[PDB]
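Trainee: Dropping the structure in here first, questions after.
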Amino acid sequence: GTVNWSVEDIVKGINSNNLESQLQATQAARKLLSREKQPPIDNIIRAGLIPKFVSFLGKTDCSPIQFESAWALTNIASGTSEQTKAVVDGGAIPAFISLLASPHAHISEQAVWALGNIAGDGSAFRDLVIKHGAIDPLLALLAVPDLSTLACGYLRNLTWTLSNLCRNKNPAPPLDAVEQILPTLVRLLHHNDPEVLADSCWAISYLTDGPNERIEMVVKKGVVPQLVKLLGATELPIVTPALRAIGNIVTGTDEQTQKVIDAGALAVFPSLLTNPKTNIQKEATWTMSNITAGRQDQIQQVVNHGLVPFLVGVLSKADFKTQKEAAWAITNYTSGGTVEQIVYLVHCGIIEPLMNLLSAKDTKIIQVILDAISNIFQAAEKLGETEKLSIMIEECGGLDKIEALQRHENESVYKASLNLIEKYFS
Amino acid sequence: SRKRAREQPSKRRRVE
């Protein structure tokens, strides 16, 4: 039938002015474009087939050709930006938006998917899809009393497409579009399907990746407790974006950070900071570093949840990128913490792993650590214990790392480092 | 302040 047609034969069938011949040829094109390996997208574009496919989207009396052309165009739009542009340039956006109202679920679903690929290209096409009025009919498809009545594949495609409308920066999505989408997104974030939850979390992570005003729009919707819950999911594809969203939120105000703490996030961190997935440990440690950049009462919560030993652990042994986040977490802690909090940090064993990292060939982490040490010495001065600290550092071999850093190429490193030796070691 | 800035596919092809 329609298996392995040449593009030439597809063109012949499409040019026939016989709707059924055109349907067979469009199906043949769909099969080429859906094959496992190397779909001939550029060949199909070069043959001038896009305008015909777009015209077929409007064939209400022939729902099969609407479906086949929708699938063909979805796959062309799944390619490079130039390939996606060819689909947009053919007038596909409003044609697909019209198909959202199709009585045929499999057709409206394909239109949802195609619009997701187009919006996924970047901010410009995202915003163009929004200008053509895609949001109202997309949200209308989810306006049911219980999401569980929808087919799960259908619901997953809608959630994914909505997440692409929330994605990308420079610019971020229109504020009014975000407000319009948020209530449905919150509902999806409470739906019990792992893929819907993952893509909902991804969407929330995009919406919180920005200025405090953007974070506030999300936090105000009361989603933090649900994010904290999903943070404890067993599925890594859910934990990953849930953690990114939580991490994003704590880059915000002290008050936004406090919502995360109030929701119980810190109790999940012993497991996150020891997670066998390197990326999870790194993101969790980055998150901790922004929490220890917070108020003294928020640092105290980190202490009370027993998280300081976990930071000592990550500093002692982790992927180097994670160790650098831990170094940051410590410098922030020592910068904002009380004397008592800083004393507690040393008692937990921070000094030796801090000193061991001074042999890293990374200027930034060296600067960060020297800052922490300086901060810890300033606390020692207030207790008159600079000598005890001076001894701890010498004993673990930290002093002849600091001494050697006096000859380092970077100005801050050699400078801070010189300062430390005269000041506490001379 | 001292706060610091910092796998879903962007596009999907329908196969089979």
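All Cβ positions, even for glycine, are placed from backbone atoms using ideal geometry, and neighbour counts span all protein chains on display. Only the coordinates and a few stated rules stand behind these numbers; no lab work does.
Trainee: In what sequence, highest mean first, do A:416-423, A:257-264 appear when ranked by Cβ atoms within 10 angstrom? Before the final figure, lay out each step's value.
Mentor: Details: A:416-423: 17.0, A:257-264: 19.2.
In descending order of packing, they fall as A:257-264, A:416-423.
Trainee: Sticking with this structure for a sec: Let me have the 222 nm mean residue ellipticity of chain A computed from DSSP H runs of 4+ only, each contributing -39500 (n - 2.57), with the sum over all residues rounded to the nearest 500.
Mentor: That calculation yields -21500 deg cm²/dmol at 222 nm.
Trainee: Considering only A:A198, A:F53, A:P241, whose Cα is most displaced toward the positive end of the charge dipole of the protein assembly as shown, charges sitting on Cβ of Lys, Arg (+1) and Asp, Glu (-1)?
Mentor: Checked the options; the winner is A:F53.
Trainee: Take the Cβ-Cβ distance between A:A267 and A:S16 as r, set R0 to 51 Å, and report the resulting FRET efficiency rounded to the nearest 0.05. Please list the in-between numbers first.
Mentor: On the way: r = 66 Å, r/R0 = 1.30.
My answer for the efficiency is 0.15.
Trainee: Can you pull out the trypsin sites (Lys or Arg not before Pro) in the stretch A:298-358 that DSSP calls coil and that have at most 13 other Cβ atoms within 10 Å?
Mentor: Details: sites: A:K317, A:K321, A:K324; in loops: A:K317.
Qualifying residues, ordered by number: A:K317.
Trainee: Of A:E325, A:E216, A:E387, how do they rank once you tally other Cβ atoms within 10 Å and put the fewest first?
Mentor: A:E387, A:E216, A:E325
Trainee: Starting from the Cα of A:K415, draw a straight line to each of the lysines and keep only those under 19 Å, dropping any in the same chain fewer than 8 residues away.
Mentor: Cross-link targets: A:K361, A:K364, A:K401, A:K423.
Trainee: Assigning unit charges at the beta carbon (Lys, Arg +1; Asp, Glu -1) and nothing else, what dipole magnitude in debye, to the nearest 20, does the protein assembly as shown show about its Cα centre?
Mentor: Details: 43 positive and 46 negative charges, 159 e Å.
About 760 debye.
Trainee: While we're here: Restricting to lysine pairs 8 or more places apart or on different chains, what number in the stretch A:212-339 have Cα atoms under 23 Å apart?
Mentor: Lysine pairs meeting both conditions in the stretch A:212-339 amount to 14.
Trainee: Within the stretch A:153-185, which residues have the backbone N less than 14 Å from the label spot 7 Å out from A:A124 along Cα→beta-carbon, could you tell me?
Mentor: Zone members listed by number: A:170-171.
Trainee: By how many nm would the segment from A:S335 to A:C152 grow when fully extended, if each residue of separation counts as 0.36 nm and the alpha-carbon distance is taken off?
Mentor: On the way: separation 183, 0.36 × 183 = 65.88 nm, distance 4.94 nm.
That works out to 60.9 nm of additional length.
Trainee: At 0.36 nm per residue, minus the direct Cα-Cα distance, what do A:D9 and A:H408 gain on full extension? Give it in nm, one decimal, please. Please list the in-between numbers first.
Mentor: Details: separation 399, 0.36 × 399 = 143.64 nm, distance 6.98 nm.
Extra length available between A:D9 and A:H408 comes to 136.7 nm.
Trainee: Rank these for me by crowding, A:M392, A:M288, going from fewest to most other beta carbons within 10 Å.
Mentor: Working: A:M392 18, A:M288 29.
Ascending number of Cβ neighbours within 10 Å: A:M392, A:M288.
Trainee: Once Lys and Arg get +1 and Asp and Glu get -1 on their Cβ, which of A:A267, A:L345, A:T285 lies farthest toward the positive end of the dipole of the stretch A:240-365?
Mentor: Going by the charge dipole, the pick is A:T285.
Trainee: What FRET efficiency comes out for A:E36 versus A:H104 if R0 is 45 angstrom and r is the Cβ-Cβ distance? Round to the nearest 0.05. Provide the component values of the computation, followed by the final result.
Mentor: Numbers: r = 27 Å, r/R0 = 0.59.
With a Förster radius of 45 Å, E is 0.95.
Trainee: Dipole size in debye (nearest 20) for the stretch A:157-293 around its Cα centre, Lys and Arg Cβ +1, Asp and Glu Cβ -1?
Mentor: Working: 11 positive and 13 negative charges, 35 e Å.
Dipole of the stretch A:157-293, to the nearest 20 debye: 160 debye.
Trainee: Let me ask another. At a 10 Å Cβ-Cβ cut-off, how would you order A:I10, A:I342, fewest neighbours first?
Mentor: A:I342, A:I10
Trainee: Can you pull out the trypsin sites (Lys or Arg not before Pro) in the stretch A:1-79 whose DSSP state is coil and whose Cβ has at most 13 other Cβ atoms within 10 Å? Working shown, then result.
Mentor: Values: sites: A:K12, A:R30, A:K31, A:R35, A:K37, A:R46, A:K52, A:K59; in loops: A:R35, A:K37, A:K59.
Loop-located and lightly packed - A:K37.
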